[PDB]
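Below: one protein chain in two forms, given as structure tokens, structure 1 then structure 2.
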Structure 1
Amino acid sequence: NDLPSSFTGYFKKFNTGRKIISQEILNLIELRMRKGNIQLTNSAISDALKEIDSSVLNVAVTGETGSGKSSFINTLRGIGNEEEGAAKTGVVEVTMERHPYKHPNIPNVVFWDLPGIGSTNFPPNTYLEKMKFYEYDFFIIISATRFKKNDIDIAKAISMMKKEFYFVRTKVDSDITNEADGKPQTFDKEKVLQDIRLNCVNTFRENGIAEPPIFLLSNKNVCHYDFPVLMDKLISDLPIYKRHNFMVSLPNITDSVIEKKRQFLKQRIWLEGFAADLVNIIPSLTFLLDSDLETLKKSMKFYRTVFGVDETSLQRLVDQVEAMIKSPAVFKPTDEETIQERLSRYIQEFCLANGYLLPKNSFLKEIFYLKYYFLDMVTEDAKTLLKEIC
């Protein structure tokens, strides 16, 4: 019931391995807090958030021409293959140069479309050097249909360097369709997927390569097959400080992706709230400065964009779409109540349901309870729209 204990204790409510700051940094903050130099504590937190925000993610995607590299990249960026900023087939093979594609909302997340080694004249090791293998956080081999010698030569070379890579078998929807059409009397969708997966595992084993993470998926049906488990695996392999930016960049493909995003953002709000310093007044009896109000509007706009319920995403789905969810209406003025009155009402709802999250007589500033409330509101909005999509 002392404050440093309450601070650190919040993170222990979260799934292990699923925190946004390391134990080391957390211990550092707990310590500065017990000191009592509020500037020092504020700085340690601000620094951790700076490190989180400024982290750049570089994701390499290699594979044969037509294997689904650009489609994969577009899928992760939540961009249509025909939309603006979409990666397109043919270009990398023509140029034989890698091409970066930034996530449209989180420009610190970058996907690199690499030319197939077959489109170049480099032997495996020379290819990996020319493509700057060591600069990527993830090196993903994209493979459609069946193994090619190129796929294995690249993987073997990485194996030799005692390094690692991910293997993604795309177009499994086409495999399942062809099994169902060509062999209906023996067709079993689950059995087909397992058969292909085991061919992947065993193919690596037979080439003396340590079994890599293997994902069977379809760029045309992202909420199914192994796309969500690929996302889980990728986040879990990252150094802790890189996880936030990648997590928030993820397409809102399932409830589970959406919810995990919420959990991450709750920890961020907790850090932001402690960086701003706790007060000795209940938020249900406070109000907001104009600066606070502007911070809140921007936080709402960010949450909405992250969860794909921003106005632009709604338009790509308008008054009829807005009407389905709650967040678009929050800052719409009425003679019925002021924005200060609406926001105090939200605090009442939030704090009545959840309490003040702290030992007695200590509170976060009102704006942070409001961020929590908006975060909950946006994630529900996200799930509501996803169901319409689905």
Structure 2
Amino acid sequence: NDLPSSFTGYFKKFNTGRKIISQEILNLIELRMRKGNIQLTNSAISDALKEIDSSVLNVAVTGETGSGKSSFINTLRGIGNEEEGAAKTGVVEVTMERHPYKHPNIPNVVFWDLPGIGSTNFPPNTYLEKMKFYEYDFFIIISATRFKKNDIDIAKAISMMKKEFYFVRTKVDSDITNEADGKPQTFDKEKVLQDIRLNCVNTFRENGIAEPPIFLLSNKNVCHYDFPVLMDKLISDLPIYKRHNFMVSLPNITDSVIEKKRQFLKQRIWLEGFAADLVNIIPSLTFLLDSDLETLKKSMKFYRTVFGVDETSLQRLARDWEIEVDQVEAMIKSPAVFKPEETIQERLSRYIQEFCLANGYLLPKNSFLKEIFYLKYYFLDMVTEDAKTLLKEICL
């Protein structure tokens, strides 16, 4: 019933690991809110958001030539291997230098393609020094088809430094298809996967390394295998403040990933809503200035992009299902919102009534967010749903 309590209470409704800010930051904002200094309250929220936005993620990817390093990097960036900006194979092996590849929509998420150690004349420890091991948030060893000595030497060296790495086994779809083709009378999809996995586990143990996190996946089909659990593990290993950026950058491959992005962005809306000042008028009796409408249109465009239902993303889907974009757009809701018989003003008014009927005003009696923020929540629900709708089609 008091505003600072309502503010902090919103975050408690999210599970540990889904919080966008630390308890320390929450405590500071709550403290300033209680002391009634709005200016310091704003600056605390602003500082928190800036720390979140300016966080940089550096992801290293090492492994043999042709192990699927560039493919893995492209898949996480949501970029096709032949599209512009795609990481290309072979090149790092010639230069013998790491190359950075930025996420297209969240450029503070940076993937580094590292040359295979075998492409250098570096022993493992020297190789890690030269590749700047300690500068990465995640160090990922990519391996395909069969474990190589180089893969395990790098792992043993990292274990020797008492640091961490992830092991990603790519091209499992290939091993599955190949055993299916070669041994149909005895082929079992689940057994092949299990045996590849145990071979990975066993290889580490046999070589004196505590088993690292291990993920079997396919760069060709994100609809299956360990991509979702990989994401879970990576984000969990991050400090809270880096989570937002990494999370919003992730490929929209499961309902859980999509839902988790929604949860983070809902907290961002809450922070932004409080930073903007709460008001004492109900949002069904206010109107949108052009400056608000502009902010809304930019919000919708950011959301659609984050969730892969933006124009470009829809076009790509259209070519691949071999159809017109207007057929893809017609499957979902977000593309029509700011499109020409009910006016935009009537439409946004209707969204307010629908949202506030279903969810209330989120705040103690007689306090409200500015109308634009209920609209952002509404847009976020819509874009989230749109992404699940299209994912159902893709992953099938």
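Structure 1's sequence is the ruler for residue numbers, which start at 1. Take the two forms, find the largest set of C-alpha atoms that superpose within 1.5 Å, and that set is the rigid core.
Large C-alpha shift between the two structures, rigid core held fixed: of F122, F187, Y134, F287, this applies to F187 alone, with a displacement of 2 Å or more. A movement of the C-alpha atom of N178 reaching 2 angstroms or beyond is seen between the two structures when the two forms are aligned on their rigid core.
Core-based superposition between the two structures puts the Cα shift at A210 at 2.4 Å. Lined up on the core, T254 has its CA atom moved by 1.2 Å between the two structures. Fit the two forms on the rigid core and the C-alpha of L31 turns out 0.4 Å off between the two structures.
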